[PDB]
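Structure file query.txt (compact mmCIF, N, CA and C atoms) follows.
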# COMPACT_ATOMS: atom_id res chain seq x y z
N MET A 24 14.47 -20.36 3.57
CA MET A 24 12.99 -20.34 3.40
C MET A 24 12.42 -18.98 3.77
N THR A 25 13.30 -18.06 4.17
CA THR A 25 12.90 -16.71 4.55
C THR A 25 11.95 -16.73 5.75
N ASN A 26 10.66 -16.94 5.49
CA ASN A 26 9.66 -16.98 6.55
C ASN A 26 9.69 -15.70 7.38
N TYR A 27 9.57 -14.56 6.71
CA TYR A 27 9.60 -13.26 7.38
C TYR A 27 8.19 -12.74 7.63
N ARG A 28 8.05 -11.95 8.69
CA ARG A 28 6.77 -11.36 9.05
C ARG A 28 6.98 -9.95 9.62
N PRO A 29 6.15 -8.98 9.19
CA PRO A 29 6.26 -7.59 9.66
C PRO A 29 5.74 -7.42 11.07
N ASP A 30 5.76 -6.18 11.55
CA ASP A 30 5.28 -5.86 12.88
C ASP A 30 3.90 -5.22 12.77
N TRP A 31 2.92 -6.03 12.38
CA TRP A 31 1.55 -5.56 12.22
C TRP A 31 1.07 -4.77 13.43
N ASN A 32 1.59 -5.10 14.61
CA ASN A 32 1.22 -4.40 15.83
C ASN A 32 1.81 -2.99 15.82
N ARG A 33 2.99 -2.88 15.23
CA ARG A 33 3.69 -1.61 15.12
C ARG A 33 3.26 -0.87 13.85
N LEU A 34 2.68 -1.62 12.91
CA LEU A 34 2.24 -1.08 11.64
C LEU A 34 0.79 -0.61 11.70
N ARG A 35 0.06 -1.08 12.70
CA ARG A 35 -1.35 -0.72 12.89
C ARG A 35 -1.62 0.72 12.49
N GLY A 36 -2.49 0.89 11.49
CA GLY A 36 -2.84 2.22 11.02
C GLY A 36 -2.40 2.46 9.59
N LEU A 37 -1.49 1.62 9.10
CA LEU A 37 -0.98 1.74 7.74
C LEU A 37 -2.12 1.74 6.73
N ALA A 38 -2.35 2.89 6.10
CA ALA A 38 -3.40 3.02 5.10
C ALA A 38 -2.81 3.42 3.75
N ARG A 39 -1.53 3.79 3.76
CA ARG A 39 -0.85 4.19 2.53
C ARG A 39 0.66 4.07 2.66
N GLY A 40 1.35 4.15 1.52
CA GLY A 40 2.81 4.06 1.52
C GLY A 40 3.46 5.00 0.53
N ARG A 41 4.62 5.55 0.91
CA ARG A 41 5.36 6.46 0.05
C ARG A 41 6.85 6.13 0.09
N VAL A 42 7.48 6.10 -1.07
CA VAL A 42 8.90 5.78 -1.16
C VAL A 42 9.75 7.03 -1.28
N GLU A 43 10.67 7.20 -0.33
CA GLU A 43 11.57 8.35 -0.33
C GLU A 43 12.93 7.98 -0.90
N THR A 44 13.43 8.82 -1.81
CA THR A 44 14.73 8.57 -2.43
C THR A 44 15.28 9.82 -3.11
N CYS A 45 16.61 9.95 -3.10
CA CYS A 45 17.27 11.10 -3.71
C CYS A 45 16.88 11.24 -5.18
N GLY A 46 16.20 12.34 -5.50
CA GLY A 46 15.77 12.58 -6.86
C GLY A 46 16.93 12.84 -7.80
N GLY A 47 17.93 13.57 -7.32
CA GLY A 47 19.09 13.87 -8.14
C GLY A 47 20.09 12.74 -8.16
N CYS A 48 19.69 11.59 -7.62
CA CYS A 48 20.56 10.42 -7.57
C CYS A 48 19.95 9.26 -8.35
N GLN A 49 20.76 8.24 -8.60
CA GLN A 49 20.30 7.06 -9.34
C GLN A 49 20.63 5.78 -8.58
N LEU A 50 19.83 4.74 -8.80
CA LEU A 50 20.03 3.46 -8.14
C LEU A 50 20.60 2.43 -9.11
N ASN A 51 21.54 2.87 -9.95
CA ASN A 51 22.17 1.97 -10.91
C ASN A 51 22.66 0.71 -10.22
N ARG A 52 23.38 0.90 -9.13
CA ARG A 52 23.91 -0.21 -8.35
C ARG A 52 22.78 -1.11 -7.86
N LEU A 53 21.64 -0.50 -7.54
CA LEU A 53 20.48 -1.23 -7.05
C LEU A 53 19.48 -1.45 -8.18
N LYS A 54 19.98 -1.90 -9.34
CA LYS A 54 19.15 -2.14 -10.52
C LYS A 54 17.76 -2.61 -10.14
N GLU A 55 17.70 -3.57 -9.23
CA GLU A 55 16.42 -4.09 -8.77
C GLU A 55 15.59 -2.95 -8.19
N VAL A 56 16.04 -2.42 -7.05
CA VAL A 56 15.36 -1.30 -6.40
C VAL A 56 14.84 -0.28 -7.41
N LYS A 57 15.75 0.29 -8.21
CA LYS A 57 15.37 1.28 -9.22
C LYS A 57 14.10 0.87 -9.97
N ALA A 58 14.01 -0.41 -10.31
CA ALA A 58 12.84 -0.91 -11.02
C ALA A 58 11.57 -0.62 -10.24
N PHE A 59 11.45 -1.21 -9.06
CA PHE A 59 10.30 -1.00 -8.19
C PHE A 59 9.91 0.46 -8.11
N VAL A 60 10.92 1.32 -8.07
CA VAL A 60 10.70 2.76 -7.96
C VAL A 60 10.83 3.44 -9.32
N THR A 61 10.12 2.92 -10.32
CA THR A 61 10.16 3.49 -11.66
C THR A 61 9.01 2.97 -12.52
N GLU A 62 8.69 1.68 -12.38
CA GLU A 62 7.63 1.07 -13.17
C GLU A 62 6.40 0.74 -12.34
N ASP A 63 6.55 -0.21 -11.42
CA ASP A 63 5.42 -0.65 -10.59
C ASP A 63 4.97 0.41 -9.59
N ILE A 64 5.92 1.18 -9.06
CA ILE A 64 5.60 2.22 -8.09
C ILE A 64 4.46 3.14 -8.55
N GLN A 65 4.22 3.20 -9.86
CA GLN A 65 3.16 4.05 -10.39
C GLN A 65 1.87 3.25 -10.53
N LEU A 66 2.04 1.94 -10.69
CA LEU A 66 0.92 1.03 -10.85
C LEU A 66 0.30 0.68 -9.49
N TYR A 67 1.11 0.78 -8.45
CA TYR A 67 0.65 0.48 -7.10
C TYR A 67 -0.11 1.66 -6.51
N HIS A 68 -1.41 1.48 -6.29
CA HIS A 68 -2.25 2.53 -5.73
C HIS A 68 -1.73 2.96 -4.36
N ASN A 69 -2.09 4.18 -3.95
CA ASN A 69 -1.68 4.73 -2.66
C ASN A 69 -0.18 4.54 -2.41
N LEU A 70 0.58 4.32 -3.48
CA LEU A 70 2.02 4.14 -3.39
C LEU A 70 2.71 5.08 -4.37
N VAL A 71 3.18 6.21 -3.86
CA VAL A 71 3.83 7.21 -4.70
C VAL A 71 5.32 7.33 -4.42
N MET A 72 6.06 7.80 -5.41
CA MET A 72 7.50 7.98 -5.27
C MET A 72 7.82 9.42 -4.85
N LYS A 73 8.96 9.59 -4.19
CA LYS A 73 9.37 10.91 -3.72
C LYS A 73 10.82 11.22 -4.10
N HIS A 74 11.08 12.49 -4.38
CA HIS A 74 12.41 12.94 -4.75
C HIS A 74 12.99 13.86 -3.68
N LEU A 75 13.75 13.29 -2.75
CA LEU A 75 14.36 14.06 -1.68
C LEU A 75 15.73 14.59 -2.09
N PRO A 76 16.22 15.65 -1.43
CA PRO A 76 17.53 16.23 -1.74
C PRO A 76 18.62 15.17 -1.83
N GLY A 77 18.70 14.31 -0.82
CA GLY A 77 19.69 13.26 -0.81
C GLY A 77 19.44 12.24 0.29
N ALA A 78 18.49 11.34 0.04
CA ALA A 78 18.14 10.31 1.02
C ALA A 78 18.24 8.92 0.40
N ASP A 79 18.00 7.90 1.21
CA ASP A 79 18.06 6.51 0.75
C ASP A 79 16.67 6.02 0.33
N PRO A 80 16.61 5.08 -0.64
CA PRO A 80 15.34 4.53 -1.13
C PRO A 80 14.66 3.64 -0.10
N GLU A 81 13.84 4.24 0.76
CA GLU A 81 13.13 3.49 1.79
C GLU A 81 11.62 3.73 1.70
N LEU A 82 10.85 2.68 1.94
CA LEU A 82 9.39 2.78 1.90
C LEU A 82 8.89 3.46 3.17
N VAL A 83 7.78 4.18 3.06
CA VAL A 83 7.21 4.87 4.22
C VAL A 83 5.73 4.56 4.38
N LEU A 84 5.43 3.52 5.16
CA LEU A 84 4.05 3.14 5.40
C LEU A 84 3.40 4.13 6.35
N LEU A 85 2.74 5.14 5.79
CA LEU A 85 2.08 6.17 6.58
C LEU A 85 0.68 5.74 7.02
N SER A 86 0.00 6.63 7.75
CA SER A 86 -1.35 6.35 8.23
C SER A 86 -2.34 7.36 7.65
N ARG A 87 -2.76 7.12 6.42
CA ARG A 87 -3.72 7.99 5.72
C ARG A 87 -3.29 9.45 5.69
N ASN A 88 -3.43 10.14 6.83
CA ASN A 88 -3.08 11.55 6.94
C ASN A 88 -1.57 11.78 6.85
N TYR A 89 -0.87 10.89 6.16
CA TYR A 89 0.57 11.01 5.98
C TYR A 89 1.29 10.88 7.32
N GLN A 90 0.68 10.15 8.24
CA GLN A 90 1.28 9.94 9.56
C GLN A 90 2.28 8.78 9.51
N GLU A 91 3.44 9.06 8.93
CA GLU A 91 4.52 8.07 8.81
C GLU A 91 4.57 7.16 10.04
N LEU A 92 4.19 5.91 9.84
CA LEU A 92 4.18 4.93 10.92
C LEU A 92 5.47 4.13 10.98
N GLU A 93 6.01 3.78 9.81
CA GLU A 93 7.23 2.99 9.75
C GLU A 93 7.94 3.16 8.41
N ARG A 94 9.26 3.02 8.44
CA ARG A 94 10.07 3.13 7.23
C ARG A 94 11.06 1.98 7.16
N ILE A 95 11.09 1.29 6.03
CA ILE A 95 11.97 0.14 5.84
C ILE A 95 12.81 0.30 4.57
N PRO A 96 14.12 -0.03 4.63
CA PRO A 96 15.01 0.08 3.48
C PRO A 96 14.67 -0.92 2.38
N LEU A 97 14.91 -0.52 1.14
CA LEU A 97 14.63 -1.36 -0.02
C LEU A 97 15.91 -1.65 -0.80
N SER A 98 16.94 -0.85 -0.54
CA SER A 98 18.23 -1.00 -1.21
C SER A 98 18.86 -2.35 -0.93
N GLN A 99 18.48 -2.96 0.19
CA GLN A 99 19.03 -4.24 0.58
C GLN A 99 18.31 -5.40 -0.11
N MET A 100 16.99 -5.29 -0.22
CA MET A 100 16.19 -6.32 -0.87
C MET A 100 16.15 -6.11 -2.38
N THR A 101 15.56 -7.07 -3.09
CA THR A 101 15.46 -6.99 -4.54
C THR A 101 14.03 -6.68 -4.96
N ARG A 102 13.86 -6.10 -6.14
CA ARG A 102 12.54 -5.73 -6.65
C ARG A 102 11.52 -6.85 -6.40
N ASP A 103 11.89 -8.07 -6.77
CA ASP A 103 11.01 -9.22 -6.60
C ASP A 103 10.55 -9.36 -5.15
N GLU A 104 11.48 -9.14 -4.22
CA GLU A 104 11.18 -9.24 -2.79
C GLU A 104 10.39 -8.03 -2.30
N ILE A 105 10.80 -6.85 -2.75
CA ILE A 105 10.14 -5.61 -2.35
C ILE A 105 8.68 -5.60 -2.80
N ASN A 106 8.40 -6.26 -3.93
CA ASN A 106 7.04 -6.31 -4.46
C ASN A 106 6.20 -7.26 -3.62
N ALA A 107 6.84 -8.32 -3.15
CA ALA A 107 6.17 -9.31 -2.32
C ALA A 107 5.60 -8.65 -1.07
N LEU A 108 6.43 -7.82 -0.44
CA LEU A 108 6.02 -7.09 0.76
C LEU A 108 4.78 -6.24 0.50
N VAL A 109 4.85 -5.41 -0.53
CA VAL A 109 3.72 -4.53 -0.88
C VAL A 109 2.43 -5.33 -0.99
N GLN A 110 2.52 -6.49 -1.63
CA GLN A 110 1.36 -7.35 -1.81
C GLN A 110 0.93 -7.93 -0.47
N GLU A 111 1.91 -8.26 0.36
CA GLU A 111 1.66 -8.82 1.68
C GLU A 111 0.77 -7.88 2.49
N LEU A 112 1.02 -6.58 2.36
CA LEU A 112 0.25 -5.58 3.09
C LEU A 112 -1.18 -5.53 2.58
N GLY A 113 -1.34 -5.34 1.28
CA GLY A 113 -2.66 -5.28 0.68
C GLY A 113 -2.75 -4.27 -0.44
N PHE A 114 -1.63 -3.63 -0.77
CA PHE A 114 -1.60 -2.63 -1.84
C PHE A 114 -2.16 -3.21 -3.14
N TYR A 115 -2.76 -2.35 -3.96
CA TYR A 115 -3.33 -2.77 -5.23
C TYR A 115 -2.37 -2.48 -6.37
N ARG A 116 -2.42 -3.32 -7.41
CA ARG A 116 -1.55 -3.15 -8.57
C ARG A 116 -2.36 -3.21 -9.86
N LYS A 117 -2.19 -2.21 -10.72
CA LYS A 117 -2.90 -2.16 -11.99
C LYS A 117 -1.94 -2.30 -13.16
N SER A 118 -2.47 -2.23 -14.37
CA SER A 118 -1.66 -2.35 -15.57
C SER A 118 -1.23 -0.97 -16.07
N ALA A 119 -1.97 0.05 -15.67
CA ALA A 119 -1.67 1.42 -16.07
C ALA A 119 -2.08 2.41 -14.98
N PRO A 120 -1.48 3.61 -14.98
CA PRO A 120 -1.79 4.65 -13.99
C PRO A 120 -3.20 5.19 -14.16
N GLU A 121 -3.67 5.23 -15.40
CA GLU A 121 -5.00 5.73 -15.70
C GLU A 121 -6.06 4.65 -15.48
N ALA A 122 -5.61 3.46 -15.07
CA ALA A 122 -6.52 2.35 -14.81
C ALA A 122 -7.34 2.59 -13.55
N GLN A 123 -8.43 1.84 -13.41
CA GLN A 123 -9.30 1.97 -12.25
C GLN A 123 -9.02 0.88 -11.22
N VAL A 124 -9.83 0.84 -10.18
CA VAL A 124 -9.68 -0.15 -9.11
C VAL A 124 -11.04 -0.68 -8.67
N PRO A 125 -11.23 -2.01 -8.65
CA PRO A 125 -12.50 -2.62 -8.24
C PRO A 125 -12.89 -2.25 -6.81
N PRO A 126 -14.18 -2.38 -6.45
CA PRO A 126 -14.66 -2.05 -5.10
C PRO A 126 -13.93 -2.85 -4.03
N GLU A 127 -13.50 -4.05 -4.39
CA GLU A 127 -12.78 -4.93 -3.47
C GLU A 127 -11.60 -4.20 -2.85
N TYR A 128 -10.79 -3.58 -3.70
CA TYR A 128 -9.61 -2.85 -3.25
C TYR A 128 -9.77 -1.35 -3.48
N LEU A 129 -11.02 -0.89 -3.49
CA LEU A 129 -11.32 0.52 -3.71
C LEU A 129 -10.62 1.41 -2.68
N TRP A 130 -10.71 1.03 -1.41
CA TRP A 130 -10.10 1.81 -0.34
C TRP A 130 -8.79 1.19 0.11
N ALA A 131 -8.47 0.03 -0.46
CA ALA A 131 -7.24 -0.68 -0.12
C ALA A 131 -6.05 0.28 -0.09
N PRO A 132 -5.04 0.03 0.78
CA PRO A 132 -5.02 -1.12 1.69
C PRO A 132 -5.86 -0.88 2.94
N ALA A 133 -6.63 0.20 2.93
CA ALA A 133 -7.48 0.55 4.06
C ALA A 133 -8.81 -0.20 4.00
N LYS A 134 -9.51 -0.24 5.13
CA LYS A 134 -10.80 -0.92 5.22
C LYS A 134 -11.95 0.04 4.93
N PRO A 135 -13.05 -0.46 4.33
CA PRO A 135 -14.21 0.37 4.01
C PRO A 135 -14.89 0.93 5.26
N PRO A 136 -15.56 2.09 5.13
CA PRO A 136 -16.25 2.74 6.26
C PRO A 136 -17.30 1.83 6.90
N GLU A 137 -17.51 2.01 8.20
CA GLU A 137 -18.49 1.22 8.93
C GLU A 137 -19.88 1.37 8.32
N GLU A 138 -20.36 2.61 8.31
CA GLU A 138 -21.68 2.91 7.76
C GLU A 138 -21.69 2.74 6.24
N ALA A 139 -21.83 1.49 5.80
CA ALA A 139 -21.86 1.18 4.38
C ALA A 139 -22.32 -0.25 4.14
N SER A 140 -21.83 -1.17 4.96
CA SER A 140 -22.20 -2.58 4.85
C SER A 140 -23.10 -3.00 6.00
N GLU A 141 -23.50 -2.03 6.82
CA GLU A 141 -24.36 -2.30 7.96
C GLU A 141 -25.79 -1.87 7.68
N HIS A 142 -26.74 -2.75 7.96
CA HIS A 142 -28.15 -2.46 7.73
C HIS A 142 -29.02 -3.17 8.76
N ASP A 143 -30.06 -2.48 9.24
CA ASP A 143 -30.96 -3.05 10.23
C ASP A 143 -32.39 -2.56 10.01
N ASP A 144 -32.52 -1.42 9.33
CA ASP A 144 -33.83 -0.84 9.06
C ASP A 144 -34.27 -1.14 7.62
N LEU A 145 -34.05 -2.37 7.18
CA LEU A 145 -34.42 -2.78 5.84
C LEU A 145 -35.92 -3.06 5.75
N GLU A 146 -36.67 -2.07 5.28
CA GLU A 146 -38.12 -2.20 5.14
C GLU A 146 -38.77 -2.56 6.47
N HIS A 147 -38.20 -2.03 7.56
CA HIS A 147 -38.71 -2.29 8.91
C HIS A 147 -38.53 -3.75 9.31
N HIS A 148 -38.14 -4.59 8.36
CA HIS A 148 -37.94 -6.02 8.62
C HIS A 148 -39.14 -6.61 9.36
N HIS A 149 -40.19 -6.92 8.61
CA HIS A 149 -41.40 -7.49 9.18
C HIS A 149 -42.00 -8.54 8.25
N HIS A 150 -42.63 -8.07 7.17
CA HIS A 150 -43.24 -8.96 6.19
C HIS A 150 -43.21 -8.34 4.80
N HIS A 151 -42.97 -9.17 3.79
CA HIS A 151 -42.91 -8.70 2.41
C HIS A 151 -43.52 -9.73 1.47
N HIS A 152 -44.42 -9.27 0.60
CA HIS A 152 -45.08 -10.14 -0.36
C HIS A 152 -44.13 -10.54 -1.49

Render the structure in this file as structure tokens.
Amino acid sequence: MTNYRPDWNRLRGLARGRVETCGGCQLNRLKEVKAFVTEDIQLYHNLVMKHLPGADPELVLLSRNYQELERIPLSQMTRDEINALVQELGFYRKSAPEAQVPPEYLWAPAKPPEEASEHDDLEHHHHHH
């Protein structure tokens, strides 16, 4: 039944994610993995792929300013599972790279700024005809 859960306490700050993997290498053996890092990886906002000299295909949940907070391997899991995780976090997925993103997930997976949904000086709040 799996029933897995991340370390949200250790992940605190995750505002973006980047996948690191050997550019001059291929994930033929990891047919699944390769997929996630070829098709959807471009559709997933704030989720970009990386071509390192020679590293393993691992996700890097950074903290906005590229403050790598945590890195988890993907070679072990399957595309279907790896996608589940991304969704679990809050990442957005579109149909195309040139596609847009609704206000709901505009800043996703990050939260909207404080000074935006807060109001108290609405017409002095007294009386209105």

Can you pull out the residues contacting residue 76 (chain A)? Cut-off 6.5 Å, using only N, CA and C atoms, and skip same-chain residues under 2 positions away; I want them as a PyMOL selection string. chain A and resi 44-47+74+78

Within 10 Å of residue 102 (chain A), counting only C-alpha atoms, which residues qualify if same-chain residues fewer than 6 places away don't, as a VMD selection string? chain A and resid 53 to 60 63 108

Those of chain A in DSSP alpha helix (DSSP H), formatted as JSON, numbers by chain: {"A": [31, 32, 33, 34, 54, 55, 56, 57, 58, 59, 63, 64, 65, 66, 102, 103, 104, 105, 106, 107, 108, 109, 110, 111, 112]}

Selection: 9 Å around residue 34 (chain A), only C-alpha atoms, excl. self and same-chain fewer than 5 positions, as a VMD selection string: chain A and resid 29 84 to 86 92 to 93

As a check of understanding: the span from atom C of residue 138 (chain A) to CA of residue 87 (chain A) is 18.7 Å

My list of candidates is A:140, A:114, A:28, A:36. Which is closest to residue 69 (chain A) when distances are computed with only N, CA and C atoms?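 When distances to residue 69 (chain A) are compared using only N, CA and C atoms, the smallest one comes from A:114.
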
Which polymer residues, protein or nucleic acid, are no farther than 6 Å from (-1.1, -6.2, 2.6), counting only C-alpha atoms, as a PyMOL selection string? chain A and resi 110-114

Just N, CA and C atoms for this one: save the residues we selected as a PDB file, in the coordinates of the input.
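This went into part-v9.pdb:
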ATOM      1  N   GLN A 110       2.520  -6.490  -1.630  1.00  0.00           N
ATOM      2  CA  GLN A 110       1.360  -7.350  -1.810  1.00  0.00           C
ATOM      3  C   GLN A 110       0.930  -7.930  -0.470  1.00  0.00           C
ATOM      4  N   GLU A 111       1.910  -8.260   0.360  1.00  0.00           N
ATOM      5  CA  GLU A 111       1.660  -8.820   1.680  1.00  0.00           C
ATOM      6  C   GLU A 111       0.770  -7.880   2.490  1.00  0.00           C
ATOM      7  N   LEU A 112       1.020  -6.580   2.360  1.00  0.00           N
ATOM      8  CA  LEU A 112       0.250  -5.580   3.090  1.00  0.00           C
ATOM      9  C   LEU A 112      -1.180  -5.530   2.580  1.00  0.00           C
ATOM     10  N   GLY A 113      -1.340  -5.340   1.280  1.00  0.00           N
ATOM     11  CA  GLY A 113      -2.660  -5.280   0.680  1.00  0.00           C
ATOM     12  C   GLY A 113      -2.750  -4.270  -0.440  1.00  0.00           C
ATOM     13  N   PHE A 114      -1.630  -3.630  -0.770  1.00  0.00           N
ATOM     14  CA  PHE A 114      -1.600  -2.630  -1.840  1.00  0.00           C
ATOM     15  C   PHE A 114      -2.160  -3.210  -3.140  1.00  0.00           C
TER      16      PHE A 114
END

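The list of residues with at least one atom within 10 Å of residue 66 (chain A), based on only C-alpha atoms and without residues fewer than 2 positions apart in the same chain, reads residues 59, 61, 62, 63, 64, 68, 69, 70, 71, 115, 116, 117, 118, 119, 120, 121 and 122 of chain A.
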
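Our summary of the geometry notes that atom N of residue 105 (chain A) is positioned 26.9 Å from CA of residue 135 (chain A).
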
Give me, as a VMD selection string, the residues of region 49-137 of chain A that a backbone DSSP run labels strand (DSSP E). chain A and resid 70 to 75 81 to 85 93 to 96

Report, in Å with one decimal, the straight-line distance from atom C of residue 131 (chain A) to CA of residue 65 (chain A). 14.3 Å

Of the listed residues A:101, A:33, A:67, A:26, that which approaches residue 50 (chain A) most closely, counting only C-alpha atoms: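 Closest residue, counting only C-alpha atoms: A:101.
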
Box for region 77-90 of chain A - axis-aligned, 3 Å on each of the six sides, all listed atoms - centre and size in Å to one decimal, as AutoDock Vina command-line options.
--center_x 8.0 --center_y 8.5 --center_z 4.2 --size_x 29.4 --size_y 17.6 --size_z 16.7

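Taking only C-alpha atoms into account, residue 75 (chain A) lies nearest to A:42 out of the set A:107, A:42, A:37, A:139.
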
Since fewer atoms than expected are present, regenerate N, CA, C and O atoms for region 29-42 of chain A and write them as a PDB file, keeping the file's coordinate frame.
ATOM      1  N   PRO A  29       6.150  -8.980   9.190  1.00  0.00           N
ATOM      2  CA  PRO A  29       6.260  -7.590   9.660  1.00  0.00           C
ATOM      3  C   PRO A  29       5.740  -7.420  11.070  1.00  0.00           C
ATOM      4  O   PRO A  29       5.319  -8.376  11.721  1.00  0.00           O
ATOM      5  N   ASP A  30       5.760  -6.180  11.550  1.00  0.00           N
ATOM      6  CA  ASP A  30       5.280  -5.860  12.880  1.00  0.00           C
ATOM      7  C   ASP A  30       3.900  -5.220  12.770  1.00  0.00           C
ATOM      8  O   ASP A  30       3.735  -4.032  13.019  1.00  0.00           O
ATOM      9  N   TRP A  31       2.920  -6.030  12.380  1.00  0.00           N
ATOM     10  CA  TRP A  31       1.550  -5.560  12.220  1.00  0.00           C
ATOM     11  C   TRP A  31       1.070  -4.770  13.430  1.00  0.00           C
ATOM     12  O   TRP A  31       0.257  -3.858  13.300  1.00  0.00           O
ATOM     13  N   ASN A  32       1.590  -5.100  14.610  1.00  0.00           N
ATOM     14  CA  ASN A  32       1.220  -4.400  15.830  1.00  0.00           C
ATOM     15  C   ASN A  32       1.810  -2.990  15.820  1.00  0.00           C
ATOM     16  O   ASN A  32       1.211  -2.048  16.333  1.00  0.00           O
ATOM     17  N   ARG A  33       2.990  -2.880  15.230  1.00  0.00           N
ATOM     18  CA  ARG A  33       3.690  -1.610  15.120  1.00  0.00           C
ATOM     19  C   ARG A  33       3.260  -0.870  13.850  1.00  0.00           C
ATOM     20  O   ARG A  33       3.446   0.338  13.720  1.00  0.00           O
ATOM     21  N   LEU A  34       2.680  -1.620  12.910  1.00  0.00           N
ATOM     22  CA  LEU A  34       2.240  -1.080  11.640  1.00  0.00           C
ATOM     23  C   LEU A  34       0.790  -0.610  11.700  1.00  0.00           C
ATOM     24  O   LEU A  34       0.345   0.159  10.843  1.00  0.00           O
ATOM     25  N   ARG A  35       0.060  -1.080  12.700  1.00  0.00           N
ATOM     26  CA  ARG A  35      -1.350  -0.720  12.890  1.00  0.00           C
ATOM     27  C   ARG A  35      -1.620   0.720  12.490  1.00  0.00           C
ATOM     28  O   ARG A  35      -1.060   1.660  13.053  1.00  0.00           O
ATOM     29  N   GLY A  36      -2.490   0.890  11.490  1.00  0.00           N
ATOM     30  CA  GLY A  36      -2.840   2.220  11.020  1.00  0.00           C
ATOM     31  C   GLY A  36      -2.400   2.460   9.590  1.00  0.00           C
ATOM     32  O   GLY A  36      -2.885   3.387   8.933  1.00  0.00           O
ATOM     33  N   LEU A  37      -1.490   1.620   9.100  1.00  0.00           N
ATOM     34  CA  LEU A  37      -0.980   1.740   7.740  1.00  0.00           C
ATOM     35  C   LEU A  37      -2.120   1.740   6.730  1.00  0.00           C
ATOM     36  O   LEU A  37      -2.802   0.731   6.533  1.00  0.00           O
ATOM     37  N   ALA A  38      -2.350   2.890   6.100  1.00  0.00           N
ATOM     38  CA  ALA A  38      -3.400   3.020   5.100  1.00  0.00           C
ATOM     39  C   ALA A  38      -2.810   3.420   3.750  1.00  0.00           C
ATOM     40  O   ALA A  38      -3.493   3.399   2.735  1.00  0.00           O
ATOM     41  N   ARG A  39      -1.530   3.790   3.760  1.00  0.00           N
ATOM     42  CA  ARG A  39      -0.850   4.190   2.530  1.00  0.00           C
ATOM     43  C   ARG A  39       0.660   4.070   2.660  1.00  0.00           C
ATOM     44  O   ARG A  39       1.193   3.909   3.756  1.00  0.00           O
ATOM     45  N   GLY A  40       1.350   4.150   1.520  1.00  0.00           N
ATOM     46  CA  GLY A  40       2.810   4.060   1.520  1.00  0.00           C
ATOM     47  C   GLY A  40       3.460   5.000   0.530  1.00  0.00           C
ATOM     48  O   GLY A  40       2.936   5.241  -0.563  1.00  0.00           O
ATOM     49  N   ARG A  41       4.620   5.550   0.910  1.00  0.00           N
ATOM     50  CA  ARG A  41       5.360   6.460   0.050  1.00  0.00           C
ATOM     51  C   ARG A  41       6.850   6.130   0.090  1.00  0.00           C
ATOM     52  O   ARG A  41       7.411   5.907   1.163  1.00  0.00           O
ATOM     53  N   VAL A  42       7.480   6.100  -1.070  1.00  0.00           N
ATOM     54  CA  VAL A  42       8.900   5.780  -1.160  1.00  0.00           C
ATOM     55  C   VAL A  42       9.750   7.030  -1.280  1.00  0.00           C
ATOM     56  O   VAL A  42       9.586   7.828  -2.206  1.00  0.00           O
TER      57      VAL A  42
END
